[PDB]
């Protein structure tokens, strides 16, 4: 049934697609195809067990699309139709930019992994602002029905003041976002990840929250920080402190890794960039675990990295995540992966004696 669809995509459709197109062309086609909503609605009906209340909002299910698939806000509606409980677009930079030269996305099918070095290719704030404005009341209804929208902000390659880039993003897209993400963890913009250090981070985030707080109350988003899986213990302890001190609304844990775990088999494993997918999974889960402990369970976490199943999702939830995202799993399993994760998650939750997702959040720590 759903298993027959899963198998079709996994064994026939996706490998054929991966044979005809390069990874970037495939990405661009998927965004186009998804934006038209051509694929029929996902059959899976979200149970009440999957509902989460966090970040000032209701999420009808805890499975979202990670930043990077839809950088420019072109496919938001098509992604809700696929069954995602929330959609995050971006990263968006203030001014339009190309990103890095091609080729810049690489598949590692033997590892169920991707490496990318897009470098924040972005239509920029103005284009994305108008795109979101065109569908603003549709989104207001989606959100009220439990399907929120996040906006992930980046910075221009050549920008002098990182904090002003993020501030601009807060000003322009904050009023259109249920939550904002300060992406300080892209491996593909020089200097960016050092925004994660204590002094810079506190200065940056103070400016961001101050700009957010200046928005009219009805258009005031939660602000989250997205961190790398490659942080030192000092880094993490420092982020936890700053986040608690400033009252940051949550964390996204994690971005892609600049590491190359032992055992990667893919021919393209030494390409420069962020690695995503299955080899990232446990490194992300452990980072979630640590950040939840360091913040005493008081700071919501969206868990991301290598989620391709219900077990993967629950592991992150039990480690401390209130919500989860995926992207890379889609490039191997296609759209059916979304219903797969939700069905399996629900089964596992029953099986382990949780009334719903909310009861499982942080359970490993208790």
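Residue numbers count along the first chain shown, from 1. For the two forms, the rigid core is made up of the largest set of C-alpha atoms that agree within 1.5 Å on superposition.
> Please work out whether 22-30 or 40-48 has the higher root mean square C-alpha deviation in 9 other deposited structures of this protein relative to the shown form, with the rigid core as fitting region?
The stretch that sits farther from the shown form in 9 other deposited structures of this protein is 40-48.
> Rigid core fitted first, then name the stretch among 31-39 and 58-66 whose C-alphas deviate most from the displayed form in 9 other deposited structures of this protein.
The stretch that sits farther from the shown form in 9 other deposited structures of this protein is 31-39.
> Check the entry's C-alpha temperature factors for 349-357 and 6-14, then say which stretch has the higher mean.
Between 6-14 and 349-357, it is 6-14 that shows the higher mean C-alpha B-factor.
> Pick between 106-114 and 179-187: the one whose mean CA B-factor in the entry is higher.
For C-alpha atoms only, the mean B-factor is higher in 179-187.
> Sort 328, 322, 47, 309 by C-alpha B-factor from the entry and give me just the highest.
Most elevated C-alpha B-factor of the set, per the entry: 47.
> Going by the entry, which of 90, 197, 229, 250 has the most elevated CA B factor?
That would be 197, according to the entry.
> Within this chain, which third does the Cα B-factor at residue 27 fall in: lowest, middle or highest?
Middle third of the chain for residue 27's C-alpha B-factor.
> Would you please rank residue 95 by its C-alpha temperature factor against the other modelled residues of its chain and give the third it falls in: lowest, middle or highest?
It belongs to the middle third of the chain when residues are ordered by C-alpha B-factor.
> Comparing residue 63 with the other modelled residues of its chain, is its CA B-factor in the lowest, middle or highest third?
CA B-factor rank for residue 63: middle third.
> Where does the C-alpha B-factor of residue 340 rank in its chain, lowest, middle or highest third?
Ranked within chain, residue 340 CA B lands in the middle tercile.
> Lowest, middle or highest third: where is residue 264 by Cα B-factor in its chain?
As the PDB entry reports it, the C-alpha B-factor of residue 264 lands in the lowest third of its chain.
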